[PDB]
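Reproduced below: protein-v4.pdb, with PDB, N, CA, C and O atoms.
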```
ATOM      1  N   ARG D   1       3.983   2.546  -3.761
ATOM      2  CA  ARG D   1       5.318   3.133  -4.082
ATOM      3  C   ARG D   1       5.302   4.645  -3.839
ATOM      4  O   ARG D   1       4.644   5.389  -4.540
ATOM      5  N   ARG D   2       6.020   5.105  -2.853
ATOM      6  CA  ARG D   2       6.045   6.569  -2.567
ATOM      7  C   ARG D   2       4.649   7.055  -2.175
ATOM      8  O   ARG D   2       3.663   6.692  -2.785
ATOM      9  N   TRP D   3       4.560   7.877  -1.163
ATOM     10  CA  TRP D   3       3.228   8.396  -0.726
ATOM     11  C   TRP D   3       2.171   7.290  -0.802
ATOM     12  O   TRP D   3       1.561   7.068  -1.828
ATOM     13  N   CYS D   4       1.953   6.592   0.279
ATOM     14  CA  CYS D   4       0.932   5.497   0.266
ATOM     15  C   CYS D   4       1.318   4.432  -0.763
ATOM     16  O   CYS D   4       1.675   4.738  -1.883
ATOM     17  N   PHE D   5       1.249   3.184  -0.389
ATOM     18  CA  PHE D   5       1.611   2.098  -1.346
ATOM     19  C   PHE D   5       0.352   1.524  -1.998
ATOM     20  O   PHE D   5       0.279   1.374  -3.203
ATOM     21  N   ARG D   6      -0.640   1.202  -1.214
ATOM     22  CA  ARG D   6      -1.894   0.638  -1.791
ATOM     23  C   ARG D   6      -1.586  -0.635  -2.585
ATOM     24  O   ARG D   6      -1.054  -0.584  -3.676
ATOM     25  N   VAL D   7      -1.918  -1.775  -2.047
ATOM     26  CA  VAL D   7      -1.645  -3.051  -2.771
ATOM     27  C   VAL D   7      -2.633  -4.132  -2.327
ATOM     28  O   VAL D   7      -2.631  -4.557  -1.189
ATOM     29  N   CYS D   8      -3.477  -4.581  -3.216
ATOM     30  CA  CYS D   8      -4.466  -5.636  -2.837
ATOM     31  C   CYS D   8      -3.846  -7.028  -2.992
ATOM     32  O   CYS D   8      -3.386  -7.400  -4.053
ATOM     33  N   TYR D   9      -3.831  -7.798  -1.938
ATOM     34  CA  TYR D   9      -3.245  -9.167  -2.020
ATOM     35  C   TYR D   9      -4.354 -10.205  -2.202
ATOM     36  O   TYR D   9      -4.358 -11.242  -1.569
ATOM     37  N   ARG D  10      -5.300  -9.932  -3.061
ATOM     38  CA  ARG D  10      -6.410 -10.898  -3.283
ATOM     39  C   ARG D  10      -7.154 -11.164  -1.972
ATOM     40  O   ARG D  10      -7.443 -12.292  -1.628
ATOM     41  N   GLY D  11      -7.466 -10.131  -1.237
ATOM     42  CA  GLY D  11      -8.190 -10.326   0.051
ATOM     43  C   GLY D  11      -7.857  -9.178   1.004
ATOM     44  O   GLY D  11      -8.716  -8.657   1.688
ATOM     45  N   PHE D  12      -6.616  -8.778   1.058
ATOM     46  CA  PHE D  12      -6.229  -7.663   1.969
ATOM     47  C   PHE D  12      -5.464  -6.588   1.194
ATOM     48  O   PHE D  12      -4.479  -6.863   0.537
ATOM     49  N   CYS D  13      -5.907  -5.362   1.265
ATOM     50  CA  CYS D  13      -5.204  -4.270   0.534
ATOM     51  C   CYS D  13      -4.522  -3.324   1.523
ATOM     52  O   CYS D  13      -5.103  -2.915   2.509
ATOM     53  N   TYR D  14      -3.291  -2.975   1.267
ATOM     54  CA  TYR D  14      -2.568  -2.057   2.191
ATOM     55  C   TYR D  14      -2.966  -0.604   1.914
ATOM     56  O   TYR D  14      -3.564  -0.298   0.901
ATOM     57  N   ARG D  15      -2.640   0.292   2.804
ATOM     58  CA  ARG D  15      -2.999   1.720   2.590
ATOM     59  C   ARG D  15      -2.417   2.598   3.703
ATOM     60  O   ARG D  15      -3.104   2.997   4.622
ATOM     61  N   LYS D  16      -1.151   2.910   3.623
ATOM     62  CA  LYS D  16      -0.525   3.764   4.673
ATOM     63  C   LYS D  16       0.253   4.912   4.028
ATOM     64  O   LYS D  16       1.257   4.705   3.376
ATOM     65  N   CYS D  17      -0.203   6.121   4.205
ATOM     66  CA  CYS D  17       0.514   7.284   3.602
ATOM     67  C   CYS D  17       1.646   7.741   4.527
ATOM     68  O   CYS D  17       1.481   7.828   5.727
ATOM     69  N   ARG D  18       2.794   8.033   3.979
ATOM     70  CA  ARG D  18       3.933   8.483   4.829
ATOM     71  C   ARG D  18       5.124   8.878   3.952
ATOM     72  O   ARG D  18       5.893   8.037   3.529
TER      73      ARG D  18
END
```

Would you write out, as structure tokens, the structure that this file holds?
Amino acid sequence: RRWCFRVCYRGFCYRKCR
């Protein structure tokens, strides 16, 4: 949420700052 989301889906975690 805002500035990078970061979210682990029990195997894959997101990570994009923008």

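For the pair atom O of residue 5 (chain D) and atom N of residue 18 (chain D), the separation is 10.1 Å.
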
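Evaluated against the shown file, the PyMOL selection byres (((chain D and resi 17 and name CA) around 10) and name CA) gives residues 1, 2, 3, 4, 5, 6, 14, 15, 16 and 18 of chain D.
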
### Task
Per DSSP on the backbone, filter chain D down to the residues in strand (DSSP E or B) and report them as a ChimeraX atom specification.
/D:7-8,13-14

Store the residues picked out above in a file with N, CA, C and O atoms, as a PDB file, keeping the file's coordinate frame.
```pdb
ATOM      1  N   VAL D   7      -1.918  -1.775  -2.047  1.00  0.00           N
ATOM      2  CA  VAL D   7      -1.645  -3.051  -2.771  1.00  0.00           C
ATOM      3  C   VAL D   7      -2.633  -4.132  -2.327  1.00  0.00           C
ATOM      4  O   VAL D   7      -2.631  -4.557  -1.189  1.00  0.00           O
ATOM      5  N   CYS D   8      -3.477  -4.581  -3.216  1.00  0.00           N
ATOM      6  CA  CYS D   8      -4.466  -5.636  -2.837  1.00  0.00           C
ATOM      7  C   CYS D   8      -3.846  -7.028  -2.992  1.00  0.00           C
ATOM      8  O   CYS D   8      -3.386  -7.400  -4.053  1.00  0.00           O
ATOM      9  N   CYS D  13      -5.907  -5.362   1.265  1.00  0.00           N
ATOM     10  CA  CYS D  13      -5.204  -4.270   0.534  1.00  0.00           C
ATOM     11  C   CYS D  13      -4.522  -3.324   1.523  1.00  0.00           C
ATOM     12  O   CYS D  13      -5.103  -2.915   2.509  1.00  0.00           O
ATOM     13  N   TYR D  14      -3.291  -2.975   1.267  1.00  0.00           N
ATOM     14  CA  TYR D  14      -2.568  -2.057   2.191  1.00  0.00           C
ATOM     15  C   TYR D  14      -2.966  -0.604   1.914  1.00  0.00           C
ATOM     16  O   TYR D  14      -3.564  -0.298   0.901  1.00  0.00           O
TER      17      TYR D  14
END
```

I'd like the box whose edges run along x, y and z of the file and which contains every listed atom of region 2-18 of chain D, padded by 5 Å per side; could you state its centre and edge lengths in Å, one decimal, as AutoDock Vina command-line options?
```
--center_x -1.3 --center_y -1.7 --center_z 0.8 --size_x 24.8 --size_y 31.2 --size_z 19.8
```
